[PDB]
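Reviewing the structure listed below.
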Amino acid sequence: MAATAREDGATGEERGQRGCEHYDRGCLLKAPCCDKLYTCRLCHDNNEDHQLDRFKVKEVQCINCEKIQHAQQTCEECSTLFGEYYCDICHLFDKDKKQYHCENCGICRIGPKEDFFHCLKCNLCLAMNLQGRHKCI
Ligand SMILES: [Zn+2]
Ligand SMILES: [Zn+2]
Ligand SMILES: [Zn+2]
Ligand SMILES: [Zn+2]
Ligand SMILES: [Zn+2]
Ligand SMILES: [Zn+2]
């Protein structure tokens, strides 16, 4: 029986629970460049000598169990919803904070459409106060 262990006690090994300041998600981007797990491309870039790109990543993990899977919205294993908003091309799964996948910009990013519109013949998305005030050539 357990009566010869002697190493009986507690561990104080602190670790990040879920999400990040950059993206509130229950997943980490698995970078195939080093098979490593980071919420953000810049949170990868800080630790690594090389860059993560949001088209190069293919897989993700679920921070709520650590199960490795392909880039999907839910952990089929423990039903972990990675975010409200999902998008495979941009490889972002996080909370919907009024964000929109613009067709001409070809991406989505945390951007309230009530404040942000696409300036036509410009390929950019600006604020309603800006009104598209550019040299749009
Ligand atoms: Zn981050
Ligand atoms: Zn890497
Ligand atoms: Zn899971
Ligand atoms: Zn997108
Ligand atoms: Zn746009
Ligand atoms: Zn413009």
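Please note that chains go A, B, ... in the order of the structure tokens, that every chain numbers its residues from 1, and that ligands are numbered from 1 in the order shown.
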Could you give me, as a Markdown table, every chain A residue with an atom at most 7 Å from ligand 1, plus its closest atom pair and distance in Å to one decimal, counting only C-alpha atoms and all ligand atoms, rows ordered by chain then number?
| residue | atom | partner | partner_atom_place_in_ligand_line | distance |
| --- | --- | --- | --- | --- |
| A:20 | CA | ligand 1 | 1 (Zn) | 4.9 |
| A:21 | CA | ligand 1 | 1 (Zn) | 5.6 |
| A:22 | CA | ligand 1 | 1 (Zn) | 4.5 |
| A:23 | CA | ligand 1 | 1 (Zn) | 6.5 |
| A:39 | CA | ligand 1 | 1 (Zn) | 5.7 |
| A:40 | CA | ligand 1 | 1 (Zn) | 4.8 |
| A:42 | CA | ligand 1 | 1 (Zn) | 6.6 |
| A:43 | CA | ligand 1 | 1 (Zn) | 4.8 |
For the residues in that selection, give me N, CA, C and O atoms as a PDB file, in the first residue's frame.
ATOM      1  N   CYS A  20      -5.438  34.709 -23.722  1.00  0.00           N
ATOM      2  CA  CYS A  20      -4.321  35.660 -23.645  1.00  0.00           C
ATOM      3  C   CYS A  20      -4.881  37.084 -23.737  1.00  0.00           C
ATOM      4  O   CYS A  20      -6.020  37.273 -24.188  1.00  0.00           O
ATOM      5  N   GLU A  21      -4.071  38.080 -23.320  1.00  0.00           N
ATOM      6  CA  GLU A  21      -4.416  39.523 -23.418  1.00  0.00           C
ATOM      7  C   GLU A  21      -4.779  39.937 -24.868  1.00  0.00           C
ATOM      8  O   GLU A  21      -5.595  40.835 -25.085  1.00  0.00           O
ATOM      9  N   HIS A  22      -4.170  39.238 -25.839  1.00  0.00           N
ATOM     10  CA  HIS A  22      -4.345  39.503 -27.274  1.00  0.00           C
ATOM     11  C   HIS A  22      -5.629  38.837 -27.817  1.00  0.00           C
ATOM     12  O   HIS A  22      -6.378  39.457 -28.576  1.00  0.00           O
ATOM     13  N   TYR A  23      -5.867  37.560 -27.438  1.00  0.00           N
ATOM     14  CA  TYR A  23      -7.040  36.774 -27.909  1.00  0.00           C
ATOM     15  C   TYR A  23      -7.637  35.969 -26.747  1.00  0.00           C
ATOM     16  O   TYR A  23      -6.929  35.163 -26.129  1.00  0.00           O
ATOM     17  N   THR A  39      -1.022  31.203 -28.210  1.00  0.00           N
ATOM     18  CA  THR A  39      -2.322  31.856 -28.524  1.00  0.00           C
ATOM     19  C   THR A  39      -2.213  32.818 -29.741  1.00  0.00           C
ATOM     20  O   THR A  39      -3.166  32.979 -30.519  1.00  0.00           O
ATOM     21  N   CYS A  40      -1.030  33.444 -29.882  1.00  0.00           N
ATOM     22  CA  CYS A  40      -0.799  34.554 -30.825  1.00  0.00           C
ATOM     23  C   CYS A  40       0.502  34.314 -31.614  1.00  0.00           C
ATOM     24  O   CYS A  40       1.407  33.627 -31.112  1.00  0.00           O
ATOM     25  N   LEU A  42       2.642  36.741 -32.349  1.00  0.00           N
ATOM     26  CA  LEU A  42       3.614  37.627 -31.679  1.00  0.00           C
ATOM     27  C   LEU A  42       4.079  37.045 -30.328  1.00  0.00           C
ATOM     28  O   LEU A  42       5.216  37.286 -29.907  1.00  0.00           O
ATOM     29  N   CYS A  43       3.201  36.264 -29.661  1.00  0.00           N
ATOM     30  CA  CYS A  43       3.566  35.543 -28.413  1.00  0.00           C
ATOM     31  C   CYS A  43       4.496  34.349 -28.718  1.00  0.00           C
ATOM     32  O   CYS A  43       5.284  33.936 -27.867  1.00  0.00           O
TER      33      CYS A  43
END
Segment 91-97 of chain A environment, 7 Å, only C-alpha atoms, sequence neighbours closer than 3 positions dropped, as a ChimeraX atom specification
/A:23-25,54-55,73,82-88,110
Same residues, N, CA, C and O atoms, output as a tab-separated table (two decimals), in the first residue's frame:
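Everything below was put into selection_17.tsv:
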chain	number	residue	atom	x	y	z
A	23	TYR	N	-5.87	37.56	-27.44
A	23	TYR	CA	-7.04	36.77	-27.91
A	23	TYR	C	-7.64	35.97	-26.75
A	23	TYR	O	-6.93	35.16	-26.13
A	24	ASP	N	-8.93	36.18	-26.46
A	24	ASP	CA	-9.69	35.38	-25.49
A	24	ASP	C	-10.20	34.11	-26.18
A	24	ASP	O	-11.26	34.13	-26.83
A	25	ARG	N	-9.39	33.04	-26.11
A	25	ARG	CA	-9.72	31.76	-26.74
A	25	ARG	C	-9.25	30.57	-25.89
A	25	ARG	O	-8.25	30.66	-25.17
A	54	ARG	N	-0.14	33.49	-39.77
A	54	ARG	CA	-1.53	33.03	-39.56
A	54	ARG	C	-2.10	32.25	-40.76
A	54	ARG	O	-3.27	31.87	-40.76
A	55	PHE	N	-1.27	32.03	-41.80
A	55	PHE	CA	-1.60	31.12	-42.92
A	55	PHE	C	-0.74	29.84	-42.84
A	55	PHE	O	-1.11	28.81	-43.41
A	73	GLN	N	-13.28	24.80	-34.47
A	73	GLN	CA	-13.88	25.71	-33.47
A	73	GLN	C	-14.07	25.04	-32.09
A	73	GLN	O	-14.06	25.72	-31.06
A	82	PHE	N	-13.67	27.09	-28.42
A	82	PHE	CA	-12.45	27.92	-28.49
A	82	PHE	C	-12.78	29.41	-28.59
A	82	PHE	O	-12.01	30.25	-28.16
A	83	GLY	N	-13.95	29.72	-29.16
A	83	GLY	CA	-14.40	31.10	-29.28
A	83	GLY	C	-15.82	31.19	-29.78
A	83	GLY	O	-16.45	30.17	-30.05
A	84	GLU	N	-16.33	32.41	-29.88
A	84	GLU	CA	-17.65	32.66	-30.46
A	84	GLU	C	-17.53	32.71	-32.00
A	84	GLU	O	-18.31	32.08	-32.73
A	85	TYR	N	-16.51	33.44	-32.45
A	85	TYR	CA	-16.19	33.63	-33.87
A	85	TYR	C	-15.14	32.58	-34.31
A	85	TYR	O	-14.22	32.26	-33.54
A	86	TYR	N	-15.31	32.04	-35.53
A	86	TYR	CA	-14.34	31.09	-36.14
A	86	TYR	C	-14.05	31.50	-37.59
A	86	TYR	O	-14.91	32.10	-38.26
A	87	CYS	N	-12.83	31.16	-38.05
A	87	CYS	CA	-12.38	31.45	-39.41
A	87	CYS	C	-11.05	30.72	-39.68
A	87	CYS	O	-10.03	31.02	-39.04
A	88	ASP	N	-11.07	29.78	-40.64
A	88	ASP	CA	-9.97	28.84	-40.91
A	88	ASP	C	-8.82	29.52	-41.67
A	88	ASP	O	-7.66	29.32	-41.33
A	110	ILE	N	-10.65	42.10	-34.72
A	110	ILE	CA	-11.52	42.80	-33.74
A	110	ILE	C	-11.76	44.26	-34.21
A	110	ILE	O	-10.87	45.11	-34.12
Within chain A, find each residue whose DSSP state, derived from the backbone, is strand (DSSP E or B), and express the selection as a PyMOL selection string.
chain A and resi 27-31+36-38+59-62+68-70+74-75+80-81+85-87+92-94+100-102+107-109+116-119+124-127
Just write the chosen residues, N, CA and C atoms, as a short mmCIF file (atom, residue, chain, number, x, y, z; two decimals), in the first residue's frame.
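Final file, result23.cif:
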data_model
loop_
_atom_site.label_atom_id
_atom_site.label_comp_id
_atom_site.auth_asym_id
_atom_site.auth_seq_id
_atom_site.Cartn_x
_atom_site.Cartn_y
_atom_site.Cartn_z
N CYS A 27 -7.88 27.94 -27.04
CA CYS A 27 -6.97 27.24 -27.96
C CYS A 27 -5.63 27.99 -28.11
N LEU A 28 -4.60 27.24 -28.53
CA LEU A 28 -3.28 27.79 -28.90
C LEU A 28 -2.97 27.38 -30.35
N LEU A 29 -2.47 28.33 -31.14
CA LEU A 29 -2.01 28.08 -32.52
C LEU A 29 -0.77 27.17 -32.52
N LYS A 30 -0.92 25.94 -33.05
CA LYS A 30 0.22 25.02 -33.22
C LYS A 30 1.02 25.43 -34.47
N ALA A 31 2.20 26.00 -34.22
CA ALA A 31 3.12 26.48 -35.25
C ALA A 31 3.91 25.29 -35.83
N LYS A 36 5.14 24.04 -31.83
CA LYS A 36 4.89 24.70 -30.53
C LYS A 36 3.49 25.33 -30.45
N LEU A 37 3.05 25.60 -29.21
CA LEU A 37 1.67 26.00 -28.90
C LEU A 37 1.63 27.42 -28.29
N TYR A 38 1.12 28.42 -29.07
CA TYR A 38 1.00 29.83 -28.61
C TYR A 38 -0.34 30.44 -29.09
N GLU A 59 -2.69 23.33 -37.34
CA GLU A 59 -3.27 22.72 -36.14
C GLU A 59 -3.41 23.74 -35.02
N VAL A 60 -4.15 23.31 -33.99
CA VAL A 60 -4.37 24.04 -32.74
C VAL A 60 -4.49 23.02 -31.59
N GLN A 61 -4.29 23.45 -30.35
CA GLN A 61 -4.60 22.62 -29.17
C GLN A 61 -5.79 23.23 -28.43
N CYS A 62 -6.32 22.48 -27.47
CA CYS A 62 -7.38 22.93 -26.55
C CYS A 62 -6.77 23.13 -25.18
N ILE A 68 -4.27 17.85 -28.82
CA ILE A 68 -3.83 18.38 -30.13
C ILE A 68 -4.81 17.92 -31.22
N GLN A 69 -5.20 18.86 -32.07
CA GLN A 69 -6.17 18.65 -33.14
C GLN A 69 -5.86 19.61 -34.29
N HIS A 70 -6.54 19.44 -35.42
CA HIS A 70 -6.48 20.39 -36.54
C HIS A 70 -7.31 21.65 -36.21
N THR A 74 -14.23 23.70 -32.06
CA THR A 74 -14.47 22.97 -30.80
C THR A 74 -13.55 21.74 -30.68
N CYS A 75 -13.08 21.50 -29.45
CA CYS A 75 -12.45 20.24 -29.03
C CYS A 75 -13.52 19.15 -29.01
N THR A 80 -14.76 21.73 -25.68
CA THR A 80 -14.22 23.08 -25.43
C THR A 80 -14.49 24.00 -26.62
N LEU A 81 -15.39 24.97 -26.43
CA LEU A 81 -15.64 26.04 -27.40
C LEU A 81 -14.46 27.04 -27.34
N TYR A 85 -16.51 33.44 -32.45
CA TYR A 85 -16.19 33.63 -33.87
C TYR A 85 -15.14 32.58 -34.31
N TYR A 86 -15.31 32.04 -35.53
CA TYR A 86 -14.34 31.09 -36.14
C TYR A 86 -14.05 31.50 -37.59
N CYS A 87 -12.83 31.16 -38.05
CA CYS A 87 -12.38 31.45 -39.41
C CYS A 87 -11.05 30.72 -39.68
N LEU A 92 -8.02 32.17 -36.84
CA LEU A 92 -8.40 32.86 -35.60
C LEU A 92 -9.71 32.25 -35.11
N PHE A 93 -9.70 31.77 -33.86
CA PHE A 93 -10.89 31.30 -33.15
C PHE A 93 -10.87 32.00 -31.79
N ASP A 94 -11.77 32.95 -31.58
CA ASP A 94 -11.79 33.79 -30.36
C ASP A 94 -13.18 34.40 -30.21
N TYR A 100 -15.57 41.33 -38.16
CA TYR A 100 -16.16 40.93 -39.45
C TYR A 100 -15.06 40.51 -40.43
N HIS A 101 -15.28 39.39 -41.15
CA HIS A 101 -14.37 38.95 -42.22
C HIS A 101 -14.72 39.71 -43.50
N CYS A 102 -13.93 40.76 -43.75
CA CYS A 102 -14.03 41.58 -44.95
C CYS A 102 -13.45 40.82 -46.14
N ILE A 107 -9.49 39.19 -44.65
CA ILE A 107 -9.25 38.82 -43.24
C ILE A 107 -10.40 39.32 -42.35
N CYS A 108 -10.39 38.85 -41.09
CA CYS A 108 -11.16 39.44 -39.99
C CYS A 108 -10.21 39.81 -38.86
N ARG A 109 -10.61 40.82 -38.10
CA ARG A 109 -9.87 41.32 -36.92
C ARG A 109 -10.89 42.07 -36.05
N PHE A 116 -16.37 50.73 -38.29
CA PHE A 116 -15.46 50.40 -39.41
C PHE A 116 -16.24 50.03 -40.69
N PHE A 117 -15.85 50.65 -41.80
CA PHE A 117 -16.37 50.35 -43.15
C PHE A 117 -15.17 50.10 -44.09
N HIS A 118 -15.43 49.46 -45.23
CA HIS A 118 -14.41 49.28 -46.27
C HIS A 118 -14.47 50.46 -47.26
N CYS A 119 -13.37 51.22 -47.34
CA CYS A 119 -13.22 52.32 -48.31
C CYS A 119 -13.01 51.70 -49.71
N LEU A 124 -8.68 48.97 -47.95
CA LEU A 124 -8.48 49.26 -46.51
C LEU A 124 -9.84 49.42 -45.79
N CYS A 125 -9.84 49.23 -44.45
CA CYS A 125 -11.04 49.38 -43.59
C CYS A 125 -10.79 50.43 -42.48
N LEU A 126 -11.52 51.57 -42.56
CA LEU A 126 -11.27 52.77 -41.71
C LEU A 126 -12.49 53.12 -40.85
N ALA A 127 -12.31 54.14 -39.98
CA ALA A 127 -13.34 54.61 -39.03
C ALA A 127 -14.34 55.55 -39.72
#
Could you give me, as a tab-separated table, every chain A residue with an atom at most 6 Å from ligand 6, plus its closest atom pair and distance in Å to one decimal, counting only C-alpha atoms and all ligand atoms, rows ordered by chain then number?
residue	atom	partner	partner_atom_place_in_ligand_line	distance
A:119	CA	ligand 6	1 (Zn)	4.9
A:122	CA	ligand 6	1 (Zn)	4.8
A:132	CA	ligand 6	1 (Zn)	4.5
A:134	CA	ligand 6	1 (Zn)	4.8
A:136	CA	ligand 6	1 (Zn)	4.4
Output the selection as an mmCIF file, in the first residue's frame - N, CA, C and O atoms for each residue.
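The file below, out.cif, is the result:
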data_model
loop_
_atom_site.group_PDB
_atom_site.id
_atom_site.type_symbol
_atom_site.label_atom_id
_atom_site.label_comp_id
_atom_site.auth_asym_id
_atom_site.auth_seq_id
_atom_site.Cartn_x
_atom_site.Cartn_y
_atom_site.Cartn_z
ATOM 1 N N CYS A 119 -13.368 51.221 -47.341
ATOM 2 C CA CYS A 119 -13.219 52.321 -48.308
ATOM 3 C C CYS A 119 -13.013 51.701 -49.714
ATOM 4 O O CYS A 119 -12.031 50.975 -49.929
ATOM 5 N N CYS A 122 -9.322 51.080 -52.624
ATOM 6 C CA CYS A 122 -8.440 51.500 -51.514
ATOM 7 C C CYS A 122 -7.851 50.250 -50.831
ATOM 8 O O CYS A 122 -6.690 50.241 -50.418
ATOM 9 N N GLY A 132 -13.308 57.898 -45.197
ATOM 10 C CA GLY A 132 -12.521 57.584 -46.390
ATOM 11 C C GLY A 132 -11.726 58.776 -46.917
ATOM 12 O O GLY A 132 -11.436 58.835 -48.117
ATOM 13 N N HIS A 134 -8.879 60.235 -48.024
ATOM 14 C CA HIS A 134 -7.570 59.750 -48.527
ATOM 15 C C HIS A 134 -7.240 60.353 -49.897
ATOM 16 O O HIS A 134 -8.072 61.007 -50.536
ATOM 17 N N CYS A 136 -6.980 58.151 -52.564
ATOM 18 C CA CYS A 136 -7.347 56.727 -52.799
ATOM 19 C C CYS A 136 -6.858 56.217 -54.184
ATOM 20 O O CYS A 136 -7.521 55.393 -54.822
#
DSSP on the backbone: which residues in chain A end up as alpha helix (DSSP H)? Give the answer as a PyMOL selection string.
chain A and resi 41-47
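Residues of protein, DNA or RNA having any atom at most 7 Å from ligand 3, counting only C-alpha atoms and all ligand atoms, are residues 62, 63, 64, 65, 66, 67, 75, 77, 78, 79 and 80 of chain A.
Picture a line from atom CA of residue 33 of chain A to atom CA of residue 18 of chain A; it runs 22.6 Å.
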Surrounding residues as a ChimeraX atom specification, ligand 2, max 7 Å, only C-alpha atoms and all ligand atoms:
/A:31-36,44,48,50-52
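Rounded to one decimal, atom CA of residue 104 of chain A and atom CA of residue 56 of chain A lie 20.5 Å from each other.
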Please determine, counting only C-alpha atoms and all ligand atoms, which residue among A:7, A:14, A:49, A:103 has the shortest atom-to-atom distance to ligand 5.
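Of A:7, A:14, A:49, A:103, the one nearest ligand 5, counting only C-alpha atoms and all ligand atoms, is A:103.
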Work out how far apart atom CA of residue 46 of chain A and atom CA of residue 11 of chain A are and give it in Å to one decimal.
28.0 Å
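Restricting the calculation to only C-alpha atoms and all ligand atoms, the smallest distance between ligand 5 and any of A:123, A:131, A:47, A:4 is found for A:123.
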